[PDB]
Amino acid sequence: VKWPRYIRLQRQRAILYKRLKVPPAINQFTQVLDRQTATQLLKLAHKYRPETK
Amino acid sequence: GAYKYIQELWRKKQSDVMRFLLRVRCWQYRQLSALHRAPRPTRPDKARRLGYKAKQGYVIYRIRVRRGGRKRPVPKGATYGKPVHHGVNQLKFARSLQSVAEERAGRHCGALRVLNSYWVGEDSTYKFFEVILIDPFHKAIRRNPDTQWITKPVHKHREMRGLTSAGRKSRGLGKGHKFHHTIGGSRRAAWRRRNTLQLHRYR
Amino acid sequence: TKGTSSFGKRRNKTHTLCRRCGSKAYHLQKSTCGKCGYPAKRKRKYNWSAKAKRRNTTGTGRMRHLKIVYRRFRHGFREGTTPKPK
Amino acid sequence: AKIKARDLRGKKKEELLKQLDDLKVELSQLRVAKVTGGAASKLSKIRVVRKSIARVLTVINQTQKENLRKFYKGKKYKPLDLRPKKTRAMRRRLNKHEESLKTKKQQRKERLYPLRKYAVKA
Amino acid sequence: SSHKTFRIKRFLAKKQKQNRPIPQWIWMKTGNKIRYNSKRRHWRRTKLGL
Amino acid sequence: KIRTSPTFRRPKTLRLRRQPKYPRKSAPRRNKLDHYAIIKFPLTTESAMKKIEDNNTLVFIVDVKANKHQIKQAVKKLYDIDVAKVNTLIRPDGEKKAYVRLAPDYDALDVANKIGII
Amino acid sequence: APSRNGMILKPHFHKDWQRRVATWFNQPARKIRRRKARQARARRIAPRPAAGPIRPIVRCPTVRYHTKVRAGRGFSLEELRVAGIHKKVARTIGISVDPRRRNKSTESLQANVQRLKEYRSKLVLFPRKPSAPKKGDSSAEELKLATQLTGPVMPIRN
RNA sequence: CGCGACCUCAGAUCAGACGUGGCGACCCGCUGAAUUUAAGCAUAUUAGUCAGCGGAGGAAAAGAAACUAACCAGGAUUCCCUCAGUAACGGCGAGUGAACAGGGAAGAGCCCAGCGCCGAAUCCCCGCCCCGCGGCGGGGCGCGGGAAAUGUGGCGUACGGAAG
Ligand SMILES: [Mg+2]
Ligand SMILES: [Mg+2]
Ligand SMILES: [Mg+2]
Ligand SMILES: [Mg+2]
Ligand SMILES: [Mg+2]
Ligand SMILES: [Mg+2]
Ligand SMILES: [Mg+2]
Ligand SMILES: [Mg+2]
Ligand SMILES: [Mg+2]
Ligand SMILES: [Mg+2]
Ligand SMILES: [Mg+2]
Ligand SMILES: [Mg+2]
Ligand SMILES: [Mg+2]
Ligand SMILES: [Mg+2]
Ligand SMILES: [Mg+2]
Ligand SMILES: [Mg+2]
Ligand SMILES: [Mg+2]
Ligand SMILES: [Mg+2]
Ligand SMILES: [Mg+2]
Ligand SMILES: [Mg+2]
Ligand SMILES: [Mg+2]
Ligand SMILES: [Mg+2]
Ligand SMILES: [Mg+2]
Ligand SMILES: [Mg+2]
Ligand SMILES: [Zn+2]
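Top to bottom, those sequences are chains G, N, j, h, l, X and L. Quick note, the first sequence lines up with residues 108 to 160 if you use PDB author numbering. Quick note, the second sequence lines up with residues 2 to 204 if you use PDB author numbering. Quick note, the third sequence lines up with residues 2 to 87 if you use PDB author numbering. Quick note, the fourth sequence lines up with residues 2 to 123 if you use PDB author numbering. Quick note, the fifth sequence lines up with residues 2 to 51 if you use PDB author numbering. Quick note, the sixth sequence lines up with residues 39 to 156 if you use PDB author numbering. Quick note, the seventh sequence lines up with residues 2 to 159 if you use PDB author numbering.
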């Protein structure tokens, strides 16, 4: 499909983040917390949520 | 606070973190169009120290001025006159490309007012500037006392009288002994005060 | 065959009455007025002719709104009031 | 007789429109008299009938728009014919409330450090 | 031109109604300085523009 | 779900009608081209009354913004007579001269004696 | 083409000078406008000094003029602090302040501190609401006799 | 695959607003010549002038020092007298040419971002009640909707400031 130019842009930007040599300061955010640790951290942080208005 | 780290991080620009960031942003900004709205500032600390408080009614644009000097807009060669004014190709323009950026941003939006602007990227053939714009007839702007100065008719199109910071850098003013040819209101006012006979009544 | 016998072919006209300035200067092939530049949003005006300025500035025509705003300014734009009746 | 816009004002809407209607009829009959060639009385009278139509229509439009702004008295958005039509910059001028708003910095400065009332012995 | 447009014909209608002379009950007025219609126009001599 | 045609086209979205919180102009403007202002006076020329006698028409001077249908309904409301047809022109003075052919039911010399022209 | 003997000179009329010539026929209209404005301001600040605030002894800078004392811009912060006057209360009770002035001597500082104490002796501060006097307000005997002094308040002569 | 967040971005005759254009004497930004003078002329001069273009206001701009100074030191900006046809520039030819200081007109100072500490303490909009309404504003109630943590408000700004 001839995609729109914004769809083309936001896809091939991610292609460039796969291509270019990403420095480690920006690389460290693709190494992320795995799923069964993230869900127990969120069920801990659900206890301490700030107050609704 | 985070903004101190953000300003020192933006200060280090040949650091490969910031070379990667400015390169990828500049790629994306060339793929985009010339005068398009940015949804939020790219440099929030620079925006906040130039005047942007992230409330309703402030608008960031992201504009692309084409990079280069200024060749003289004459037919083929042919400036018909004395050999001082023969030159066309190596001429430079009196105002910064940052000011030209604020100018065409505030021309494209005439209902808004150019607060200030900053730098985001460059390459060989374009420079990119993000412009801060205040909508004066919004009431979060009009009911706040220390920003309802923008809502007055004197401040109409600041970028074209040359009153934002990128325009003030090109008028040659400021205190000093370096700035004698603007004393008075401006350079033209200096010249006009100097080249008039004050022919008194009693001489 | 340059003069009198070439003034005979003058039968198809160039300009016509413009519809912003009322003068017969609206060109038909360029379709722009010569005295005011009609399809431009801005009135054609130059400083090398102060006489072409003074032929139509604010004072020339009727000032159908602006003389009324002058005599409203001399009482400072009162609205909603009437004088007290008899 | 001599129609006057003093006593056309309590007159209600359909009665004013019937007055307008037979004034229009009378003006058209006087115009036919003008074309066929009538008398100086009717040729004088057509001005009286035209200004009669004028002040009947004046009373109609005034009494309509008085009711319109009395209908839109309390409301927040009201039509552009009913808004105050002063000059454009004077409508885009800030309000006498909004230009009276002072920040709390200068509220407290005007509290603590008021302008004083002094005089100097010579 | 018998193929007139409406604006042209309207303009010509105004000029030929303006082309009438002075009414003779004017030159007995008190503050008068008029003796004829100076702005007249004969169709051979002056060609009206357009 | 699949895309067969390789052209992306804009998704058809929902657009509401105006629900304005106040009318722009308050009261609608009165019809200034009404049935009295549309026809002004009839002609009483020798040609016009030759046509009243022979062709069973009346001859009127109406204003330029008229229609044939408008002055047809005008003569029908002002003089209570129906109209066969209407033929209009713009005089060189600037007015719109109309020729109102009545029905064979009615007679224009009678209606002219009614409305004064003779 | 000069004559026999005479000063050869450079008149600066080679430009277009007639288009830019400022003639002074509104000189006396300007003087009357200024003194009308001066009378209006001097009566609208009604017991306060017409000359404005008080301004310090300060000494002219250079080698040509350092023997001369003028009236300056405003009292320095060091001077106000030694005279006890708060830097925001001074502008209200009638004292001019500038924050930019240094003090590199002691003679000039003691002159200005003495001048501030002399001013606080001389001034008559009316109460804030007149029916309710307060502590730092002058007495009702001299509240009636307070008036505008014309000329510069405590003039500086050399 | 579907659902739900957020992010980038579109369409609305969506609700409410706003800019366009004119005059243009004075003002701000840019562009900007050649006549003319040099007894020619090319650098200069005319001249940052005319013409061109954009933008305002009742005045505009400037303005509270990354200043002047070199003194026993002055102290925002603007204007006037003077400095001074001086220092200086210039085929050092013709021509060009400021500022400091001093005397006067006037006189006024201030606010952010950052560093912080306060449960976002903040702002806009819809609906109803009361008041006032021809500068749509004040008070109350909404388990009303948004903005905002990618930072609003309060204290605080180089004259230091905050906490105890
Ligand atoms: Mg030359
Ligand atoms: Mg610079
Ligand atoms: Mg042609
Ligand atoms: Mg123009
Ligand atoms: Mg002929
Ligand atoms: Mg001789
Ligand atoms: Mg809408
Ligand atoms: Mg020469
Ligand atoms: Mg010569
Ligand atoms: Mg020559
Ligand atoms: Mg030059
Ligand atoms: Mg010009
Ligand atoms: Mg404009
Ligand atoms: Mg104006
Ligand atoms: Mg100003
Ligand atoms: Mg100075
Ligand atoms: Mg001398
Ligand atoms: Mg030489
Ligand atoms: Mg020069
Ligand atoms: Mg000086
Ligand atoms: Mg004085
Ligand atoms: Mg603050
Ligand atoms: Mg904050
Ligand atoms: Mg400072
Ligand atoms: Zn035209």
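Ideal Cβ positions, reconstructed from N, Cα and C, are used throughout, including at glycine.
Helix, strand or coil: which one does DSSP assign to residue 122 (chain L)?
Residue 122 (chain L) falls in the helix class under three-state DSSP.
Which of helix, strand or coil DSSP assigns to residue 106 (chain L):
Residue state, collapsed to three classes: coil.
Which runs of the alpha helix (DSSP H) at least 4 residues long sit entirely within the region 114-154 of chain N? Give them in chain order.
Taking only runs of at least 4 residues, the alpha helix (DSSP H) segments lying wholly in the region 114-154 of chain N are 140-143.
When burial is assigned at 16 or more other CB atoms within 10 Å of the CB, is residue 34 (chain h) buried or exposed?
Residue 34 (chain h) should be labelled buried.
Proximity of residue 98 (chain L) and residue 73 (chain L) at Cβ, strictly below 8 Å:
The criterion of a C-beta distance shorter than 8 Å is not satisfied by residue 98 (chain L) and residue 73 (chain L).
Do residue 120 (chain X) and residue 141 (chain X) have their C-beta atoms closer together than 8 Å?
Yes, they are a contact pair.
Can you tell me the Cα-Cα spacing of residue 90 (chain L) and residue 69 (chain j), whole angstroms?
A direct Cα-to-Cα measurement between residue 90 (chain L) and residue 69 (chain j) gives close to 51 Å.
Pairwise C-alpha distance: residue 166 (chain N) and residue 166 (chain L):
The shown model of chain L, from 2 to 159, leaves out residue 166 (chain L), and the question about it has no answer.
Around the C-beta of residue 64 (chain N), are 16 or more other C-beta atoms found within 10 angstroms, so that it is buried, or is it exposed?
Sixteen is the threshold: when 16 or more other Cβ atoms of the shown chains lie within 10 Å of the Cβ of residue 64 (chain N), as they do, the residue is buried.
List, in chain order, every chain X residue whose beta-carbon is nearer than 8 Å to that of residue 80 (chain h).
In chain order: 60, 61, 62, 63, 64.
For the region 135-150 of chain X against the region 154-169 of chain N, do three or more pairs of beta-carbon atoms, one drawn from each stretch, fall closer than 8 Å, so that the two count as touching?
Contact check between the region 135-150 of chain X and the region 154-169 of chain N: fewer than three CB pairs, one atom from each, fall below 8 Å, which does not count as touching.
Should residue 117 (chain h) be flagged as near chain L, meaning a C-beta pair shorter than 8 Å?
With 8 Å as the cut-off, residue 117 (chain h) counts as an interface residue toward chain L.
Apart from the five residues just before and just after residue 125 (chain L), which ones in its own chain have a Cβ nearer than 7 Å to its Cβ?
139, 143, 144, 147, listed in sequence order.
Starting from residue 162 (chain N), find everything on chain h with Cβ-Cβ shorter than 7 Å and list it in chain order.
Those do not exist, as residue 162 (chain N) stays about 18 Å from chain h at its closest Cβ, beyond 7 Å.
Assigned secondary structure, residue 183 (chain N) (DSSP; H/G/I helix, E/B strand, else coil)
Assigned with DSSP and collapsed to three states, residue 183 (chain N) falls in helix.
State yes or no: is the C-beta of residue 46 (chain j) nearer than 7 Å to some heavy atom of ligand 4?
Answer for residue 46 (chain j): yes, Cβ within range of ligand 4.
Min CB distance residue 45 (chain X) to chain G below 8 Å
Chain G, which has a Cβ nearer than 8 Å to the Cβ of residue 45 (chain X), makes this yes.
Find the residues of chain N that neighbour residue 133 (chain G), judging by a C-beta separation of less than 9 Å, and give them in chain order.
Under the 9 Å cutoff, chain N gives 18, 21, 22.
Would you say the beta carbon of residue 21 (chain j) is closer than 7 Å to some non-hydrogen atom of ligand 4?
Placement of the Cβ of residue 21 (chain j) at a distance of 7 Å or more from every heavy atom of ligand 4 is found.
Could you confirm whether any beta carbon from chain h is found closer than 8 Å to the beta carbon of residue 144 (chain N)?
So yes, residue 144 (chain N) belongs to the interface.
Anything in chain l within Cβ reach of residue 131 (chain X), meaning under 9 Å, just list it in chain order.
Residues of chain l passing the Cβ test: 14, 17, 18.
Shell residues, 7 Å Cβ cut-off relative to heavy atoms of ligand 1:
Proximity to ligand 1 was defined by a C-beta distance below 7 Å to any of its heavy atoms, and the residues meeting it, in sequence along the chain, are N:83, N:85.
For residue 37 (chain N), list the residues DSSP reports as bridge partners.
The partner list for residue 37 (chain N) (beta bridge, DSSP) reads N:63.
Mind checking which residues open and close the beta strand (DSSP E) that includes residue 119 (chain h)?
Unbroken beta strand (DSSP E) run through residue 119 (chain h): 119-121.
Residue nearest to residue 98 (chain N) in terms of C-alpha spacing, selected from N:113, N:77, N:122:
Of N:113, N:77, N:122, the smallest CA-CA separation from residue 98 (chain N) is found for N:122.
Output, in chain order, the set of chain l residues within a Cβ distance shorter than 7 Å of residue 77 (chain X).
Contact of residue 77 (chain X) with chain l by beta-carbon distance below 7 Å is absent, the smallest such distance being about 20 Å.
Of all the CB atoms in chain L, is at least one closer than 8 Å to the CB of residue 105 (chain h)?
Look at residue 105 (chain h): its C-beta is not under 8 Å from any C-beta on chain L.
Less than 7 Å separating the Cβ of residue 106 (chain h) from some heavy atom of ligand 22?
Yes, since a heavy atom of ligand 22 falls inside the 7 Å radius drawn around the Cβ of residue 106 (chain h).
Is the region 83-102 of chain N in contact with the region 149-156 of chain N, if contact means three or more CB pairs nearer than 8 Å?
The region 83-102 of chain N makes no contact with the region 149-156 of chain N, as fewer than three CB pairs between them are under 8 Å.
Which one or two residues does DSSP pair with residue 137 (chain X) in a beta bridge?
Looking at the DSSP assignment, residue 137 (chain X) forms a beta bridge with X:97, X:125.
State the Cα-Cα distance for the pair residue 66 (chain L) and residue 111 (chain L), rounded to the nearest angstrom.
In a straight line, the C-alpha of residue 66 (chain L) is about 21 Å away from that of residue 111 (chain L).
Within the continuous beta strand (DSSP E) that includes residue 80 (chain X), where are the two ends?
It spans 77-80 - the beta strand (DSSP E) in which residue 80 (chain X) sits, taken as one unbroken run.
Residue from l:44, l:16, l:35, l:12 whose Cα sits closest to the Cα of residue 25 (chain l)
Among l:44, l:16, l:35, l:12, the Cα nearest to that of residue 25 (chain l) is on l:35.
With respect to 7 Å, is the separation between the Cβ of residue 170 (chain N) and the closest non-hydrogen atom of ligand 2 below this value?
Yes, Cβ of residue 170 (chain N) sits closer than 7 Å to a heavy atom of ligand 2.
Identify each residue in the region 4-30 of chain L for which the Cβ-Cβ distance to at least one residue of chain N is less than 8 Å, and report them in chain order.
The region 4-30 of chain L vs chain N, Cβ under 8 Å: 16, 18, 21, 22, 23, 24, 25, 26, 28.
The region 12-36 of chain h: positions lying closer than 9 Å to chain N by Cβ:
Those would be none; no residue qualifies.
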